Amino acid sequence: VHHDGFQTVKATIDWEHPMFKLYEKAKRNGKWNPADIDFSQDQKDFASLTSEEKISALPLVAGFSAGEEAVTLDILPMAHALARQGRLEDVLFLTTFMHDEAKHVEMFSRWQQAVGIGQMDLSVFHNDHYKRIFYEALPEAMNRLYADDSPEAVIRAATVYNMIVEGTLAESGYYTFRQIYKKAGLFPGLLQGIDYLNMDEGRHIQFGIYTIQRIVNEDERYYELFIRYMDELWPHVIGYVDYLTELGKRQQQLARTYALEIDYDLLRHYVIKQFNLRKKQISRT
């Protein structure tokens, strides 16, 4: 429906708003372009590998590529809901959030193209637990906001997207990439991309913390809802992590070749740490 008026005609941007400040930082720190990354060495690395070694890296890339695409599509309802609420500074920031995720989709798709696996269907490495999070729960929670923008709905959406998908899974994925391939000296272009992604992710997670905390600040009983929604998704998080771990343990040729002692118990504890850490960044009071 209609606009009743416009904030930048009646007044100005709220220059001191936390999300205006986050928007300003995003513009300053968000200049990187996936089209500038040199993937030539990645191509050679991947070709050098045996078929067994080649397969090793793909489950993780499969999880990220679909994840970036899901979040690019599924952030749009949040931008709409906050826009309808007149939260202009949040919307300005969210334009940087969405543009970041677009570059993340682009970065992984360029890597796949470059190393010669674009024609390969990597959906085979999404198990039921992954599908429950990314094919179902994420888009359910975000799309709800089109018809229900209650504090309850907004907390559930920020929890699944910013605190679980980004703050638990994506963060653990970046850590895993560096623990495995940065050590091996493999895929320098991909690891350059991962570093830029991990920098962007910082702002995405901070938006989710801001959003969940400002709702909790109104009524501390929303804190219990946050914790509950975090716990509801945990079985699928660890169920996916456990599935990737088993794939990893079954095809170890890459680790042998490159002298990597991949401690899967250390990666598993990192996921658990991330999850608990995100819980602690929200204050009940």
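Residue indices: 1-based, along the sequence shown.
Engineer: Got a sec? Mean C-alpha B-factor, which is higher, 132 to 140 or 93 to 101?
Structural biologist: That would be 132 to 140.
Engineer: Name the higher of the two by mean Cα B-factor in the PDB entry, 12 to 20 versus 266 to 274.
Structural biologist: Higher mean C-alpha B-factor: 266 to 274.
Engineer: Comparing recorded Cα B-factors across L225, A70, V61, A35, which one is largest?
Structural biologist: Checking the PDB record, the top C-alpha B-factor among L225, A70, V61, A35 is at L225.
Engineer: State the tercile, meaning the lowest, middle or highest third, of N29 with respect to the CA B-factors recorded for its chain.
Structural biologist: It belongs to the lowest third of the chain when residues are ordered by C-alpha B-factor.
Engineer: Which third of the chain does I155 land in by C-alpha B-factor: lowest, middle or highest?
Structural biologist: Middle third.
Engineer: Please place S65 in the lowest, middle or highest third of its chain by C-alpha B factor as given in the entry.
Structural biologist: Lowest third, going by the recorded CA B-factors of the chain.
Engineer: Considering every modelled residue of the chain and its Cα B-factor in the PDB entry, is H204 in the lowest, middle or highest third?
Structural biologist: Ranked within chain, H204 CA B lands in the lowest tercile.
Engineer: According to the PDB entry, is the CA B factor of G116 in the bottom, middle or top third of its chain, that is, lowest, middle or highest?
Structural biologist: CA B-factor rank for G116: highest third.
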